[PDB]
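Asker: Structure incoming, see below.
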Amino acid sequence: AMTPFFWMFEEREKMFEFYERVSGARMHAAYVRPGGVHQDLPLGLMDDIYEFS
Amino acid sequence: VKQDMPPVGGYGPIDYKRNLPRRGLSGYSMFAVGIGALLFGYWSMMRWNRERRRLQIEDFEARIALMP
């Protein structure tokens, strides 16, 4: 089942772009301190989440 | 003023339905059109084969008249 692998990995690349813009890591975004979220999200993100949804 | 990232007055909804059209023909209609084109091919096949046998009999008559 070779291809939907690639399709949903394109989707997962979009979500890695969101993780990159939020933290800066590709995948190992620490970003969650004990006691809240460190360094809150920048402006221009929620509508991008909306379009992705 | 403050400059967080809020949603502007509420956003639109996004669907959560397994949206499936299930289009295409039924069993009877697809079945009948397949068998109909099949029978069309059979009739044309029968016609070409019997006219071809006529010509092949003519070829037999050629070898008969040629032989002695």
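Starting from 1 in every chain, residues are counted up; chains themselves are A, B, ... following the order of the structure tokens, and ligands are numbered from 1 as listed.
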Please return as a PyMOL selection string: the residues of chain B that backbone DSSP assigns to helix (DSSP H, G or I).

Answerer: chain B and resi 27-66

Asker: What residues in chain A have any atom no more than 9 Å from chain B when counting only C-alpha atoms, and can you write them as a PDB file with C-alpha atoms, in the first residue's frame?

Answerer:
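Result written to part_35.pdb:
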ATOM      1  CA  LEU A  41       2.722  31.145  19.930  1.00  0.00           C
ATOM      2  CA  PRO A  42       3.465  33.957  17.458  1.00  0.00           C
ATOM      3  CA  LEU A  43       0.933  36.025  15.601  1.00  0.00           C
ATOM      4  CA  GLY A  44      -0.420  34.477  12.428  1.00  0.00           C
ATOM      5  CA  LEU A  45      -1.003  30.878  13.361  1.00  0.00           C
ATOM      6  CA  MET A  46      -4.649  30.138  14.145  1.00  0.00           C
ATOM      7  CA  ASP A  47      -5.981  30.861  10.667  1.00  0.00           C
ATOM      8  CA  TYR A  50      -8.102  26.640  10.364  1.00  0.00           C
ATOM      9  CA  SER A  53      -8.351  21.694   9.413  1.00  0.00           C
TER      10      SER A  53
END

Asker: Using Å and a single decimal, report how far CA of residue 22 in chain A sits from CA of residue 40 in chain A.

Answerer: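 Value for the CA of residue 40 in chain A-CA of residue 22 in chain A distance: 7.9 Å.
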
Asker: Record the distance separating CA of residue 60 in chain B and CA of residue 48 in chain B, expressed in Å with one decimal.

Answerer: 18.4 Å

Asker: Just how far from CA of residue 42 in chain B is CA of residue 55 in chain B, in Å to one decimal?

Answerer: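 Computing the Euclidean distance for CA of residue 55 in chain B and CA of residue 42 in chain B yields 20.2 Å.
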
Asker: Would you list the contacts of range 3-12 of chain A as a list in words, taking every protein, DNA or RNA residue within 12 Å and counting only C-alpha atoms, but skipping same-chain residues closer than 2 positions in sequence?

Answerer: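 Final neighbour list, sorted by chain and number: residues 1, 14, 15, 16, 17, 18, 19, 26, 27, 52 and 53 of chain A.
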
Asker: Keeping only N, CA, C and O atoms, write those residues as a CSV table (one decimal), in the first residue's frame.

Answerer:
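Dumped everything to result.csv:
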chain,number,residue,atom,x,y,z
A,1,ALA,N,0.8,-1.2,0.0
A,1,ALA,CA,0.0,0.0,0.0
A,1,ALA,C,0.8,1.3,0.0
A,1,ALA,O,0.9,2.0,1.0
A,14,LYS,N,3.2,19.4,6.7
A,14,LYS,CA,2.6,20.6,7.0
A,14,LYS,C,2.5,20.8,8.5
A,14,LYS,O,2.7,21.9,9.1
A,15,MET,N,2.2,19.7,9.2
A,15,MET,CA,2.2,19.9,10.7
A,15,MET,C,3.5,20.1,11.3
A,15,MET,O,3.7,20.7,12.3
A,16,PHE,N,4.6,19.5,10.7
A,16,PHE,CA,5.9,19.8,11.1
A,16,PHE,C,6.3,21.2,10.9
A,16,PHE,O,7.1,21.8,11.7
A,17,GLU,N,5.8,21.8,9.8
A,17,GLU,CA,5.9,23.3,9.6
A,17,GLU,C,5.3,24.1,10.8
A,17,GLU,O,5.9,25.1,11.2
A,18,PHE,N,4.1,23.6,11.2
A,18,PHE,CA,3.5,24.3,12.4
A,18,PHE,C,4.4,24.2,13.6
A,18,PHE,O,4.6,25.2,14.4
A,19,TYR,N,4.9,23.0,13.9
A,19,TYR,CA,5.8,22.8,15.0
A,19,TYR,C,7.0,23.6,14.9
A,19,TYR,O,7.5,24.1,15.9
A,26,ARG,N,12.4,20.7,14.6
A,26,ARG,CA,11.6,19.9,13.6
A,26,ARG,C,10.6,19.0,14.4
A,26,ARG,O,9.4,19.0,14.2
A,27,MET,N,11.1,18.2,15.3
A,27,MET,CA,10.3,17.1,15.9
A,27,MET,C,10.4,17.1,17.4
A,27,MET,O,9.4,16.9,18.1
A,52,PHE,N,-5.7,24.3,7.5
A,52,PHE,CA,-5.3,23.0,7.6
A,52,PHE,C,-6.4,22.1,8.0
A,52,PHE,O,-6.5,20.9,7.6
A,53,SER,N,-7.3,22.5,8.9
A,53,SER,CA,-8.4,21.7,9.4
A,53,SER,C,-9.3,21.4,8.3
A,53,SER,O,-9.7,20.2,8.2

Asker: From a DSSP pass on the backbone, collect the residues of chain A flagged as strand (DSSP E or B) and hand them back as a PyMOL selection string.

Answerer: chain A and resi 32-33+36-37
